[PDB]
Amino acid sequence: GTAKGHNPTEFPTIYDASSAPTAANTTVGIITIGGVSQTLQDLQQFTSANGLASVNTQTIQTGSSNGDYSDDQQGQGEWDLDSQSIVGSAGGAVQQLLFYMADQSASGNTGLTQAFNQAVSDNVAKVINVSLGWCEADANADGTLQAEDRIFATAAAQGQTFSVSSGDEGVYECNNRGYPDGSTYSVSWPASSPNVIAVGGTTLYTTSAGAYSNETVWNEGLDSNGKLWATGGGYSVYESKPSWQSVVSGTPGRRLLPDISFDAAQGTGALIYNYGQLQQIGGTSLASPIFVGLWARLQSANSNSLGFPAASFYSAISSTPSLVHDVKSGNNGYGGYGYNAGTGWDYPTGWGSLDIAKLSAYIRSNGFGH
């Protein structure tokens, strides 16, 4: 196995989804901050270059009609990562891609809150990507956490799956977003919500023939500014443990995250068109859209009838280890600190990555979600 970048259209063979239906019958949302005008040009470049049918898109202003929905330039690369990775992982088709755009001039943190709220109120997208996060203690301090958890709770109850990147700062989410802080560990919001699927990050190795080879923890160390780049994982200090996580014994009475993980290392990342230029990009901002595309295709295969799947993942994977690639090697800290991967569920990677063929067979036999 070796480390290299990957076209998004490769993610179905990597994660054993290529024999499954595509997401042609499922609508997918993406939460953005601001507009997506360049992103939509980049998406056209992507589908056209890959010879795929064009994607039906819609953009939704989720705040004031007088709000600021201008493009955030750096943001376009994130919405590019999300949209191209979703469509590739989905098998090259989604029913529609909805961009739920946060108002950049909204008061306090309410821009993003209103974007989550519109996706849930509309209840048109079955699966929604959130490649955004921040220190959960900061979200809690001004009441954002409480307000947004109510929204995600409504989403889960009505059968929508929010997928949220676990973070890119390893265990050091609340230390100025990623500077090593020794033994002080923290987690990201909204990944820490029990009402979303939290998606962590791996280093993906493939064979020369493109077969899955192995995954380790995503941890690419410090950048030139001294910031750690690694998969978020740990437990919430606020959120109680949901019933289904009781199967992970020896953990606190808190929401443990991530649930599952996919490719995140930049060194093994996705090739993404950004302002017209192909770039190799990682993060748990990649891992979450991979999951969203795979999950959307499982929804299509099941007439969009799968409910919020967290409890089903925990019962199925704990009893059926063949459903996942169990990550065993690496850590999500620095300097000897952080959590270590190991057998079964771990704090850097949760259960690991899904084998979609085996998961699809399991669902055909047993159903999924609640």
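One rule holds for the numbers: they count along the sequence shown, beginning at 1.
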Looking only at CA atoms, which has the higher mean B factor in the entry: 58-66 or 325-333?
-> 58-66
149-157 versus 173-181: which one carries the higher mean Cα B factor per the record?
-> 173-181
Highest Cα B-factor in the PDB entry belongs to which of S83, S213, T202, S288?
-> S213
Entry record, C-alpha B-factors for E239, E136, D259, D71; the maximum is at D71
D142 by Cα B-factor - lowest, middle or highest third of the modelled chain | highest
Is the Cα B-factor recorded for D263 in the lowest, middle or highest third of its chain?
-> lowest
C-alpha B factor of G29, ranked within the chain: lowest, middle or highest third?
-> lowest
Would you please rank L132 by its C-alpha temperature factor against the other modelled residues of its chain and give the third it falls in: lowest, middle or highest?
-> highest
Taking the values exactly as deposited, rank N109 by C-alpha B-factor within its chain and report the matching third: lowest, middle or highest.
-> highest
